[PDB]
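Only one chain is given next, in structure tokens, and it is the form deposited in one PDB entry.
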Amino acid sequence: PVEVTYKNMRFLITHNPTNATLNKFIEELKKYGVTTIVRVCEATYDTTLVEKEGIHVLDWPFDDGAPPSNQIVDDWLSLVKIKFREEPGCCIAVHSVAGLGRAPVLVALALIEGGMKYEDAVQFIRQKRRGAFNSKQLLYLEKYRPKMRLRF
């Protein structure tokens, strides 16, 4: 369970919780300023216990091996743009099952879209999630084309 940081952003990647992890998974989150968690992998637990905790749970699962939607990209970006400004020094926990694939991509995106070449972003994430990213994923980031409409 590692967290990154760029500019005013602070993402936390996580180990997909069980259904018995929760109460302590939320205690953990609760103490990371994580006011939002974007599920990317298939949901494997309630979100009521979470929601009833103040943590907003947005889940947009997608085929592990399939480039992360086209739409999702925009909700992420649109979400990211805001929050970090809405609540300064907060945090977005993005988690997938393994958290070395889709979870990083998402994060690796905001880090691009918000400046930083993709290489600088892959190195940056691997710096804190050794092994993260695979041939496909990489290929896809390389091919990603940012709008770069992010001003800080």
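The first residue of the sequence shown is number 1, and the count goes up from there.
Another form exists, deposited with a partner chain bound; not displayed. Remarks below refer to it.
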Classify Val57 as contacting or not contacting the partner chain in the entry with it bound by the rule of any non-hydrogen atom within 4.5 angstroms, answering yes or no.
yes
Does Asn70 reach the partner chain in the entry with it bound, with heavy atoms at most 4.5 Å apart?
no
Taking the partner chain as it sits in the entry with it bound, is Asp63 near enough to touch it, meaning that at least one heavy atom pair lies within 4.5 angstroms?
no
Residue contact check: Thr47 to the partner chain in the entry with it bound, 4.5 Å heavy atom:
yes
